[PDB]
């Protein structure tokens, strides 16, 4: 089976991010009961609007083995609150300090990230987007969970191995359209860490996290 590069589970170690090796800043992380969370648990992430965006970080390395062997970046989450057009849930950024020899991302933007994916509603749907353009009107829409709701969802990004940069998003257990990683303008996040954040100081949706993981094929 797979090996775990990193994980957070709300059902492990009383849901403690700290015990599980993550660094957390901004906002509040409250371990809560949710009957459809794994083990009946989740972590609820909020902040005071206008105050700092929350950020969770894990020391993920440069991901070379993920690229070589394939694997997945995954999260199970539930969004809380009323549908509000254009409002963010969260983003996943994984800048890397190098790519393997002979691997190079196409495009301009000048930064190498294995993840630059964010979750946002339009006026009707919950969308998964790729922050790979200078202006967001040109960011790629990777797929949608459909009409916005407050149910649990799963999201994964599957890497095929052999150093392929062609990733398949997996939305509620079903593949979406494959896409190829490119350079990205995202530059503000420390290299070789996975950063999970609600992006903005402005109001964002409260979110419940069941798990976050990166797994590498064995």
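Positions refer to the first chain, counted from 1.
When the two stretches 46 to 54 and 177 to 185 are set side by side, the higher mean Cα temperature factor goes to 46 to 54. Stretch comparison (198 to 206 versus 9 to 17) by mean CA B-factor in the PDB entry places 9 to 17 on top. The residue among 127, 132, 87, 101 whose C-alpha carries the highest B-factor in the deposited model is 101. Comparing the C-alpha B-factors of 172, 192, 149, 36 in the entry, the top value falls on 36.
Compared with the other modelled residues of the chain, the Cα B-factor recorded for residue 160 ranks in the highest third. When all modelled residues of the chain are sorted by CA temperature factor, residue 212 is found within the lowest third. Ranked by C-alpha B-factor against the other modelled residues of its chain, residue 29 falls in the highest third. Among all modelled residues in this chain, the alpha-carbon of residue 63 has a temperature factor (C-alpha) in the middle third. Annotation for residue 123: C-alpha temperature factor in the middle third relative to the rest of the modelled chain, per the entry.
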